[PDB]
Amino acid sequence: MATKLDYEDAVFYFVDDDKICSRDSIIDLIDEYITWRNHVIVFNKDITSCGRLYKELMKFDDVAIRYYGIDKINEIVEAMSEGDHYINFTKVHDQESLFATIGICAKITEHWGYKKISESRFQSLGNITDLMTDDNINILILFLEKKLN
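Residue numbering for the sequence shown follows PDB author numbering, starting at 1 and increasing by one per position.
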C-alpha cells in the first residue's frame, strides 16, 4: 500500500558502471554516490538500483559501523539531522577509517532524504567530495578492482 512514483532522475553515471573507472571518475563518483544514497530516500529509489562499484561503497557503511560504531553512528546521524553535531578526526591512521569516512557520511545523506532533513536550509551541504582525496580514489579503485575491472 504505497502511492508514489518510483523516481530516479539518475544523474549519476558510474552508479551502474559495473566496472572499475578512472581515477578521475571516483572524483565525481563520491559526489554521485553520496547524492545517490540520498536519492534512494528522497525519491525513494532502490539501494540495489545501481552497479557493482556502488555495492562496495555500501560496505563503507559497515566499515564505519565497525570503526565509529553503530551506536555512535546512530547518535551521530541523528545529531546531523537536528543541525547540531560532534566529531573527531583521523588522517594517517587506517584505510579502514578512510572508507569509514564515506559510509558515515553516506548514512547521514540518506537519512535526510524523506523530508529533506537539515532544518538549516542554508549550509545543508559542504564537504562531501572534499571529505576524501584523489589519493583515496586510488585506494578506492584498487579496493574495487579486486572484483572490479
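Yeah, the Cβ is synthetic: ideal placement off N, Cα and C, and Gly gets one too.
My understanding is that residue i touches residue j, with C-beta atoms under 8 Å, so please give their C-beta distance in whole angstroms.
i: residue 80; j: residue 34; result: 13 Å between Cβ atoms; not a contact.
i: residue 50; j: residue 16; result: 5 Å
i: residue 99; j: residue 63; result: 4 Å
i: residue 40; j: residue 110; result: 6 Å
i: residue 52; j: residue 148; result: 6 Å
Using the Cβ count rule (16 or more neighbours within 10 Å means buried), how would you classify residue i?
i: residue 69; result: exposed
i: residue 2; result: exposed
i: residue 67; result: buried
Helix, strand or coil: how does DSSP classify residue i here?
i: residue 149; result: coil
i: residue 112; result: coil
i: residue 25; result: helix
i: residue 135; result: helix
i: residue 53; result: helix
As a quick exercise: from the options, pick the residue whose alpha carbon is nearest that of residue i.
i: residue 136; options: 92, 112, 7, 115; result: 92
i: residue 97; options: 59, 23, 78, 120; result: 59
i: residue 133; options: 4, 121, 36, 30; result: 30
i: residue 142; options: 71, 23, 14; result: 23
Anyone know if the C-beta pair for residue i and residue j falls short of 8 Å?
i: residue 6; j: residue 55; result: no
i: residue 61; j: residue 113; result: no
i: residue 76; j: residue 87; result: yes
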